[PDB]
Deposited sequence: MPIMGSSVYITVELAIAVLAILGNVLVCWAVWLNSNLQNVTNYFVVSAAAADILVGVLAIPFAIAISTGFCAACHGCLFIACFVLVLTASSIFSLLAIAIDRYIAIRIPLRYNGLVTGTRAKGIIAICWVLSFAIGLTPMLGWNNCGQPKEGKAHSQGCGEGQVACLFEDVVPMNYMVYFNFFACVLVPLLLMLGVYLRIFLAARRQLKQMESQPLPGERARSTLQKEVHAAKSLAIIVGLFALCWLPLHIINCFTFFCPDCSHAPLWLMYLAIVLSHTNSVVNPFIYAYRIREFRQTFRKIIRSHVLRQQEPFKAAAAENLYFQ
């Protein structure tokens, strides 16, 4: 459905633009170049890779093209890996802020530029292990669907490349959902509640740092709210599919909606978090400004000459 394909393509661009913007901003503005923002670039880097590589792959998987089963699984696993990297690098940001709020003194001596790269490594180790788990054998390739491969006119040794055809639902529900979504969601939620409670005790004291903690809280509330909005629907649908095999499958428009919605996490996270730091936002203006005072210049001079005469 080109209707789904086009919407999916918008998000890729939007994710690439916003996150290149984020990465650009850290190169130019010298104040932005601290340990705290490593975790932001990492997360922004992943979302670029999601826009550049994962969303294209996700589009192919929806058509049901003819290829080798084990070829089809590699594409799906690659999507699973890069989306996972997006989530974990985002979680790193949340864990950083947690240290920065709860133990802000030794933070500068604990969260160092070296250790920061250690944490980014872990994000990528965990992503490959999880998304490549189906490659090891936990995949539906032992049971190819030839009744469907025929309808698509696929040659012998070829199946219709669908996600739900190569990637097992139990892997999705039992391993992927818990490892990639529910845990990081609970941890981030836990972090937010620990930053919220920190503000409430500061607010109870004013009755007898606070400005930082209120802002951080709303920043965290945005990350988590959007994360749950983006990721849960698709996973809940997955659970429905897995726990109701006799049900008629959830509608393909809803499938398309949920898949798209999952991908839209990469445009908002961690973009909006960064947009909520002034030092970033000023730098963000310097870039989009320079894009207007130079890309509208051909028409600016053309108007200037037309009136001149």
For this session: Give the ranges of the deposited sequence, numbered from 1, for which the structure holds no C-alpha coordinates, in sequence order.
Result: 1-5, 214-223, 325
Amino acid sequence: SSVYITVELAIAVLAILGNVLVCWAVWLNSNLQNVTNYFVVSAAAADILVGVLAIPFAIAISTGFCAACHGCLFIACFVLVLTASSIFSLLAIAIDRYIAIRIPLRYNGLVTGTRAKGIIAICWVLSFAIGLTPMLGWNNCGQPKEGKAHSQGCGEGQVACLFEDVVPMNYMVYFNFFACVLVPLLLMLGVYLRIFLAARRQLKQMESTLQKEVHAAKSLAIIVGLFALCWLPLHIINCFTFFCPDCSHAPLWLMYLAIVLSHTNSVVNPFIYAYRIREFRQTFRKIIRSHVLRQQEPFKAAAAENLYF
From here on, numbers count along this sequence of modelled residues.
For this session: Please establish whether a third or more of the other compared PDB entries omit coordinates for residue 282.
Result: no
Exercise. Would you say residue 152 goes unmodelled in a third or more of the other compared entries?
Worked result: yes
Seminar exercise, completed: For 217-225 versus 104-112, entry-based mean Cα B-factors point to 104-112
For this session: Between 142-150 and 73-81, name whichever shows the higher mean Cα B factor according to the PDB entry.
Result: 142-150
Exercise. Among 197, 173, 167, 210, where is the Cα temperature factor highest, going by the PDB entry?
Worked result: 210
Seminar exercise, completed: Binned into thirds over the chain's modelled residues, the C-alpha B-factor of residue 44 lands in the middle
Problem set entry | Entry-reported Cα temperature factor of residue 184, expressed as the chain third it lands in | lowest
Problem set entry | Ranked C-alpha temperature factor of residue 266 among modelled chain residues, by third | middle
Exercise. Comparing residue 272 with the other modelled residues of its chain, is its CA B-factor in the lowest, middle or highest third?
Worked result: lowest
Exercise. Which third of the chain holds residue 258 when residues are ordered by C-alpha B factor: lowest, middle or highest?
Worked result: lowest
